[PDB]
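Peer 1: FYI, the numbering for the sequence shown is 41 to 1011, going by the entry's author numbering.
Before I ask anything, here is the structure I am working with.
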Amino acid sequence: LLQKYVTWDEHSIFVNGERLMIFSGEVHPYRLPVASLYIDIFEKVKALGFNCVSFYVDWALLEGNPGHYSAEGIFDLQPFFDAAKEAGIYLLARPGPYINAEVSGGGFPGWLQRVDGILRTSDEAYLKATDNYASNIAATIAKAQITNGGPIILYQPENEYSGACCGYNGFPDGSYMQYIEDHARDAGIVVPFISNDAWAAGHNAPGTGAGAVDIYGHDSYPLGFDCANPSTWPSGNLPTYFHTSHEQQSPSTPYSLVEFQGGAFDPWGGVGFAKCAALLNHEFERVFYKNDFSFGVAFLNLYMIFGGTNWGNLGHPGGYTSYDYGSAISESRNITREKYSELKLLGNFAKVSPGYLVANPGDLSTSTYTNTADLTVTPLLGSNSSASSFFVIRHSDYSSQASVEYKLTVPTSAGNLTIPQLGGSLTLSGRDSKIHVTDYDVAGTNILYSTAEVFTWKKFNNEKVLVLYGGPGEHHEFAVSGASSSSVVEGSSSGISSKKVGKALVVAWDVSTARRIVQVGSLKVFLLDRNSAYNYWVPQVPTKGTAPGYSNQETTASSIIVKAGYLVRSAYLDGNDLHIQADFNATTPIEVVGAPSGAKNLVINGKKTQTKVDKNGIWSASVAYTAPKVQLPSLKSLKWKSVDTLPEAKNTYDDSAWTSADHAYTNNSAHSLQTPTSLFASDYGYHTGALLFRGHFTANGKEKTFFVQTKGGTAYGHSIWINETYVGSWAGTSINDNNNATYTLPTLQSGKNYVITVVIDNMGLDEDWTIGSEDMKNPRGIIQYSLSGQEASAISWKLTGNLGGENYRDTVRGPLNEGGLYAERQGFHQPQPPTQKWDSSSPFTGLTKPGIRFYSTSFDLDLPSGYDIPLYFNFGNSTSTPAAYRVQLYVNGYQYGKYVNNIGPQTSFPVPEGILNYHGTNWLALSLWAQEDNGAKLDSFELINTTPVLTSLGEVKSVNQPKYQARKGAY
Ligand SMILES: *[C@@H]1O[C@H](CO)[C@@H](O[C@@H]2O[C@H](CO)[C@@H](O[C@@H]3O[C@H](CO[C@H]4O[C@H](CO[C@H]5O[C@H](CO)[C@@H](O)[C@H](O)[C@@H]5O[C@H]5O[C@H](CO)[C@@H](O)[C@H](O)[C@@H]5O)[C@@H](O)[C@H](O[C@H]5O[C@H](CO)[C@@H](O)[C@H](O)[C@@H]5O[C@H]5O[C@H](CO)[C@@H](O)[C@H](O)[C@@H]5O)[C@@H]4O)[C@@H](O)[C@H](O[C@@H]4O[C@H](CO)[C@@H](O)[C@H](O)[C@@H]4O)[C@@H]3O)[C@H](O)[C@H]2NC(C)=O)[C@H](O)[C@H]1NC(C)=O
Ligand SMILES: *[C@@H]1O[C@H](CO)[C@@H](O[C@@H]2O[C@H](CO)[C@@H](O[C@@H]3O[C@H](CO[C@H]4O[C@H](CO[C@H]5O[C@H](CO)[C@@H](O)[C@H](O)[C@@H]5O)[C@@H](O)[C@H](O[C@H]5O[C@H](CO)[C@@H](O)[C@H](O)[C@@H]5O)[C@@H]4O)[C@@H](O)[C@H](O[C@H]4O[C@H](CO)[C@@H](O)[C@H](O)[C@@H]4O)[C@@H]3O)[C@H](O)[C@H]2NC(C)=O)[C@H](O)[C@H]1NC(C)=O
Ligand SMILES: *[C@@H]1O[C@H](CO)[C@@H](O[C@@H]2O[C@H](CO)[C@@H](O[C@@H]3O[C@H](CO[C@H]4O[C@H](CO)[C@@H](O)[C@H](O[C@H]5O[C@H](CO)[C@@H](O)[C@H](O)[C@@H]5O)[C@@H]4O)[C@@H](O)[C@H](O)[C@@H]3O)[C@H](O)[C@H]2NC(C)=O)[C@H](O)[C@H]1NC(C)=O
Ligand SMILES: *[C@@H]1O[C@H](CO)[C@@H](O[C@@H]2O[C@H](CO)[C@@H](O[C@@H]3O[C@H](CO)[C@@H](O)[C@H](O)[C@@H]3O)[C@H](O)[C@H]2NC(C)=O)[C@H](O)[C@H]1NC(C)=O
Ligand SMILES: *[C@@H]1O[C@H](CO)[C@@H](O[C@@H]2O[C@H](CO)[C@@H](O)[C@H](O)[C@H]2NC(C)=O)[C@H](O)[C@H]1NC(C)=O
Ligand SMILES: *[C@@H]1O[C@H](CO)[C@@H](O)[C@H](O)[C@H]1NC(C)=O
Ligand SMILES: *[C@@H]1O[C@H](CO)[C@@H](O)[C@H](O)[C@H]1NC(C)=O
Ligand code: NA
Ligand code: NA
Ligand code: NA
């Protein structure tokens, strides 16, 4: 419409006038605040065979101060866009304004709690509040569009605009979506708009009038977000209606799953992301992702492919620090999980199978395509008798762990065939799914059919190579049209049969851990078992430069096949040297199939490597791996300095500079006040981290109890003191976001002044998933209070959150990073704090009573260069009954962890190189808040590493780490 770079028809999207099956992975730039590491994520995504990445932009981080959009330094998106382009990955931009994403406010900055309008509606105040952010982010995205030589090809307006409740009846509001769309277009956005309906409801589909997007898309998370039972696949959870609904809701556009389950989030007191990785494992992928292909999906994005970390309080209360998500690429960026390797097999199948996009999805059947009803097959039939067809097979009961033998009865250019034709039966093992192919094209050679799955294929000059694989214990068969005979050119000929049947040469074989290569004419067919296929890679090879280029027919055709190990990032030909960039985590045998004619030498990670060439023209070599020594500090043995970070609990404390909580009104349109003045922190500009309230009053001697209702979000906690006397604490739980408590008080002297100090942990602002719920407006602070024997107005309040509130002090680390604790307000969490007069006490000694202390220490690192080494800070928790205490982890000023001993479940906190300095000094800081009478201390706290990966990744540049500087107006 507005451009010709990205177009579409009923079958697929076209990029540069060429059909492209778009297989994407979700990555959030703000969850990995290290520019140097973006290229790593993109290369790992490209290595899966993917060609696109989908990303959100978090408004709360870019306009923390209303009226001032700021996306510089670690918040700069340019390095993210540049890495995508460098890696040859396109982008789907999803700026919101509302993104949900399990982030604080669902993306909404805390000041939205002061906006007099229902969020995500046409209410004037809400729309106006989004204008500054929307115009700025759209302009930034506009410059990176493919129409301007950038990687961005699609744009998503809003996010899961799919439902309302609670009094708001304007949904769906055509003019609302049209407003977002018009504003983006006015900002320069010309690429197509794609939606992401929460479910297949057809909202904003083409033809629905105002607000309609260009390509209708929807989401799906079939296994849910509770990973407690990783091996349980509930009955009926596998969707079977996506194609039907698509033809009814948006038949004119390519079927698109903008968000398809790639893992799951986990709540405070949850089960841990390891279980989520186990639930959404390699079996889940092959069964559910191939099920998506059975619907003819042309755009598939997996949420998440890499989750990252909710550092600096950017996450919502419904989750904790980690956002590992159990995705293919872990929080520490590793790709050891089997799900990564399995996904690579499907990604590479899609990349070399144009026939799949033009095939017509049909209805599933338990009788038409096999000899047993225990199996279900969904056909994707070619346009004519000679066109390629695909058959997605699975157990009829998708959760079945049974092994079933069968025979495939499918239509082909040679008529209806019953396979195997040479005898025996095929096997579908537990929780597996396969895509059988017929009349599949391999550079002009017709593969009449293949039961074993296609990993990849290439034409190297006059030689053709096809890579097939089957799972353990399977018998397979394939046929090549017009072929006369075959020869086993590698491996034993045992179990391999070859016979000319009709106008095709049929070859039968049994899966083995040993590779067999069968030569059929000019075609070399590699016969592999799944686990061997896991080690193959298909890097693109550009003629000029080192960048692979985007994925298209041409770059796909000039790619090569490399058998290696942990990872193969890229390859390029420089003169007569074939360069391969890869990572290794063990001794790795190397094989290169299809080295360019001009290539004479093999260079791996810049090192000339000894290679030999075999009868099949395969280059072979080996890369040695020797685990290097990784010297890490013993945290317990470091020199620690500490300071009381609750000076408010002393009679000498002066809070005159604090904000007076004196508004006899609230700007929160969803919650009326129950106190004389507003005690909702957002009404005063405090939206993140620890919040403190101090209520001053003159006693009348009749006081006995102090009732109070606090609210800090799920898993929050609070602690109270009256002058220097401890009153009590609400240690919190995984199911409470607020708490009502009546505390008794010591006797007070009439005529004397007292102050009640209430410290409240803020776990972030809630999302607003259902429009009209206004859940994002759930306040943080004091909701109710009553001092017995006194009028509520007898107490005058002061409050504080992060120093300066919306006029936040750390422009480099963002509006959410630091909370309101004394040490944070002073900036003591930054490198080189003023510890000269501090005490020499460590967190291992801790506190012997309720309170909050801040700790500091430093240590130097000089880790092995040339290695990608994940570092984690681990807290011990071997005790049966957990002590009640909260910890905030600060590394070089960046908060990278909120630890709640009594709630969990996180004990291991990864921190990326870039935040940590691997060849310099590091400043570690911790706040320790004891919420029990016995006090609190750390029993075990260590810095550990996991497998050092021999890498080709460039040196990681340390991000800006502003050192401590005395702050004006601090208190
Ligand atoms: C360096 O990086 C690499 C990555 O690049 C890291 O390697 C990855 O490590 C992962 C662990 O962290 C690992 O995942 C676990 O795998 C467990 C093993 O099961 C799988 O493998 C079986 C075959 O073993 C061979 O391959 C694996 C690796 O794939 C290897 O570890 C073995 O040593 C062995 O290798 C040798 O053979 C291959 C060729 O075959 C050669 O290439 C090698 O050189 C060696 O010679 C395989 O049978 C199994 O599949 C069966 O079981 C799964 C379910 O577990 C089914 O889905 C599947 O259908 C199949 O079941 C059928 O067949 C069997 C056998 O006939 C039959 O009995 C059944 O009835 C059915 O018919 C797997 O692919 C796995 O147990 C484990 O799972 C965990 O535990 C339980 C399992 O009970 C599970 O429910 C949990 O969810 C949990 O995940 C993991 O999946 C990756 O596979 C591995 N990837 C690669 C590429 O190697 C490496 O660790 C890292 N190094 C360091 C130091 O960090
Ligand atoms: C370090 O290791 C330790 C273990 O050594 C580990 O501690 C465990 O952590 C888990 C996860 O956080 C704890 O399990 C959860 O506990 C939740 C809290 O339970 C208590 O509080 C509940 C809420 O009470 C308040 O609110 C309600 C409602 O507003 C109100 O009525 C109350 O008055 C109060 O204000 C309360 O409901 C609950 O009561 C049950 O248990 C008591 C005690 O037996 C019993 O007397 C009651 O009759 C009732 O049965 C209890 O007082 C809990 O809410 C939560 O349950 C939800 O989630 C689970 C899934 O996990 C669901 O199955 C369930 O249906 C709920 O939705 C869950 O049980 C666990 O208690 C800790 N273990 C111990 C021994 O302390 C740390 O997390 C680890 N730390 C790290 C860093 O990893
Ligand atoms: C701590 O104690 C408080 C109460 O002191 C608990 O909160 C109350 O919980 C009960 C039980 O769930 C709720 O009762 C329901 O009330 C429904 C009617 O709600 C309206 O009328 C209420 C009475 O005045 C009013 O409080 C409530 O306010 C809410 O909506 C307003 C409009 O959006 C908004 O301005 C307010 O801020 C607030 O969100 C409504 O106007 C009734 O239909 C149900 O049958 C049931 O009786 C109370 O409504 C809750 N009170 C409030 C103010 O929310 C709280 O759960 C306790 N905490 C814990 C952990 O137990
Ligand atoms: C790759 O990154 C992931 C995610 O950061 C790392 O996974 C974590 O690995 C540890 C160590 O294996 C797991 O903890 C262990 O759990 C078992 C089972 O309870 C327990 O017996 C051990 O004592 C230990 O606690 C942890 O659960 C897991 N976390 C997640 C989120 O999956 C993995 O270690 C990294 N791999 C490499 C090589 O870097
Ligand atoms: C409770 O704490 C308050 C501080 O908020 C004390 O009042 C202050 O006391 C200091 C020291 O005498 C004076 O310099 C301040 O001017 C006082 N401020 C106020 C608001 O009165 C108060 O004395 C303490 N109460 C008791 C009995 O210890
Ligand atoms: C061949 O198979 C198709 C589909 O399985 C079936 O409809 C047809 O009757 C069979 N015979 C013909 C006409 O080729
Ligand atoms: C907050 O409320 C006050 C008093 O009603 C009003 O003057 C002010 O404009 C409001 N702020 C916003 C953001 O609406
Ligand atoms: Na080629
Ligand atoms: Na424990
Ligand atoms: Na735990």
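Cβ atoms here follow ideal geometry from the backbone N, Cα and C, with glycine treated the same way.
Consult DSSP for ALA179 and reduce its assignment to one of helix, strand or coil.
Peer 2: Correct three-state label for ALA179: helix.
Peer 1: Considering only C-alpha positions, which residue in the set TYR396, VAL432 and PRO274 is nearest to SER334?
Peer 2: Closest option to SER334, Cα to Cα, is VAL432.
Peer 1: Under a three-way DSSP split, which group does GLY214 fall into?
Peer 2: Here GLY214 sits in helix by DSSP.
Peer 1: If you pair each beta-carbon of the stretch 67-86 with each one of the stretch 211-230, do three or more pairs fall below 8 Å?
Peer 2: No: the two stretches stay apart, fewer than three of their Cβ pairs being nearer than 8 Å.
Peer 1: Would you tell me roughly how many angstroms separate the C-alpha atoms of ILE158 and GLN714, rounded to the nearest one?
Peer 2: Whole-angstrom Cα-Cα distance: 21 Å.
Peer 1: Under the assumption that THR496 contacts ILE601 (Cβ atoms under 8 Å), give the Cβ distance between them as a whole number of angstroms.
Peer 2: Sure, about 6 Å apart at Cβ, within 8 Å.
Peer 1: Can you tell me whether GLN876 is buried or exposed? The criterion is at least 16 other CB atoms within 10 Å of its CB, across all chains shown.
Peer 2: Exposed, since its Cβ has fewer than 16 Cβ neighbours within 10 Å.
Peer 1: Taking Cβ to Cβ, would you say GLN749 is nearer than 9 Å to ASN778?
Peer 2: Contact flag set, yes.
Peer 1: Measuring straight from C-alpha to C-alpha, what distance separates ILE475 and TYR724?
Peer 2: Cα-Cα distance, rounded: 58 Å.
Peer 1: Return yes when at least one heavy atom of ligand 9 lies under 8 Å from the C-beta of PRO922, else no.
Peer 2: Checking every heavy atom of ligand 9 against the Cβ of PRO922, one is found closer than 8 Å.
Peer 1: Indicate whether the contact test is met: 3 or more Cβ pairs, each with one atom in the stretch 609-621 and one in the stretch 581-588, closer than 8 Å.
Peer 2: The stretch 609-621 vs the stretch 581-588: in contact.
Peer 1: Whole angstroms is fine: what's the gap from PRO819's alpha carbon to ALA317's?
Peer 2: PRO819 and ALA317: Cα-Cα distance of roughly 34 Å.
Peer 1: Can you tell me whether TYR693 sits near ligand 5, meaning its C-beta is under 8 Å from at least one heavy atom of the ligand?
Peer 2: Answer for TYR693: yes, Cβ within range of ligand 5.
Peer 1: Does DSSP classify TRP878 as helix, strand or coil?
Peer 2: DSSP places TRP878 in coil when its eight states are reduced to three.
Peer 1: Taking the beta strand (DSSP E) that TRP837 belongs to, which residues open and close that run?
Peer 2: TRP837 -> beta strand (DSSP E) spans 836-840.
Peer 1: Which residue wins for smallest C-alpha separation from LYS125, given the options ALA544, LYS86 and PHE148?
Peer 2: Closest by alpha carbon: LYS86.
Peer 1: Of all the options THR986, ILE557 and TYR446, which has the alpha carbon lying nearest to the alpha carbon of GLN671?
Peer 2: When only C-alpha atoms are compared, the closest one is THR986.
Peer 1: Skipping 5 residues on each side, what residues in its chain have a beta carbon closer than 6 Å to that of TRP273?
Peer 2: Cβ neighbours of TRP273 beyond the five flanking positions: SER439.
Peer 1: Run through the DSSP bridge pairs and tell me what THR961 is partnered with.
Peer 2: BP columns for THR961 point to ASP900.
Peer 1: Among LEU861, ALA544 and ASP695, which one has its Cα closest to the Cα of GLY522?
Peer 2: Minimum Cα distance to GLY522 is reached at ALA544.
Peer 1: Could you work out which residue in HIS283, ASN56 and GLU764 is closest to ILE186 when comparing CA atoms only?
Peer 2: When each option's Cα is compared against that of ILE186, the closest is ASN56.
Peer 1: When DSSP builds the beta bridges, which residues end up paired with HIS476?
Peer 2: According to DSSP, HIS476 bridges with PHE431.
Peer 1: State buried or exposed for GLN301, treating a residue as buried only when at least 16 other CB atoms are found within 10 Å of its CB.
Peer 2: Label assigned to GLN301: buried.
Peer 1: Go to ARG865, then tell me how far its alpha helix (DSSP H) extends in each direction, as first and last residue.
Peer 2: That run of the alpha helix (DSSP H) goes 862-865.
Peer 1: For the putative contact between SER372 and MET344, defined by C-beta atoms under 8 Å, what is the C-beta separation to the nearest angstrom?
Peer 2: Actually they do not touch by this definition, with Cβ atoms about 14 Å apart.
Peer 1: What did DSSP end up calling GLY916 once you bin it into helix, strand or coil?
Peer 2: If DSSP states are grouped into helix, strand and coil, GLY916 belongs with coil.
Peer 1: Assuming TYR380 is part of the alpha helix (DSSP H), what are its boundary residues?
Peer 2: It spans 378-391 - the alpha helix (DSSP H) in which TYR380 sits, taken as one unbroken run.
Peer 1: Span of the alpha helix (DSSP H) holding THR797?
Peer 2: Looking at the DSSP string, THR797 is not in any alpha helix (DSSP H); the run it does join, the beta strand (DSSP E), is 793-800.
Peer 1: Nearest to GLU972 by alpha carbon, out of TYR912, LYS1008 and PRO890?
Peer 2: Checked all of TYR912, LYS1008 and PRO890; the closest Cα to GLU972 is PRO890.
Peer 1: Please list the terminal residues of the continuous alpha helix (DSSP H) segment that includes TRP497.
Peer 2: No alpha helix (DSSP H) holds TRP497; the beta strand (DSSP E) holding it covers 493-500.
Peer 1: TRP549 by DSSP, collapsed to three states: which one?
Peer 2: Note: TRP549 maps to strand in three-state DSSP.
Peer 1: Alpha carbon to alpha carbon, how far is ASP908 from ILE375?
Peer 2: Looking at the two C-alpha atoms, the distance is approximately 12 Å.
Peer 1: Count the other CB atoms within 10 Å of the CB of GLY104; is the residue buried (16 or more) or exposed (fewer)?
Peer 2: Flag for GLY104 reads buried.
Peer 1: Please indicate yes or no: does the CB of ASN707 lie closer than 8 Å to some heavy atom of ligand 7?
Peer 2: Yes - ligand 7 has a heavy atom lying nearer than 8 Å to the Cβ of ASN707.
Peer 1: Going by the beta-carbon positions, is the gap between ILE644 and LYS603 smaller than 9 Å?
Peer 2: The answer is no: Cβ separation not under 9 Å.
Peer 1: Return helix, strand or coil for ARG154, following the three-state DSSP convention.
Peer 2: Note: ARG154 maps to helix in three-state DSSP.
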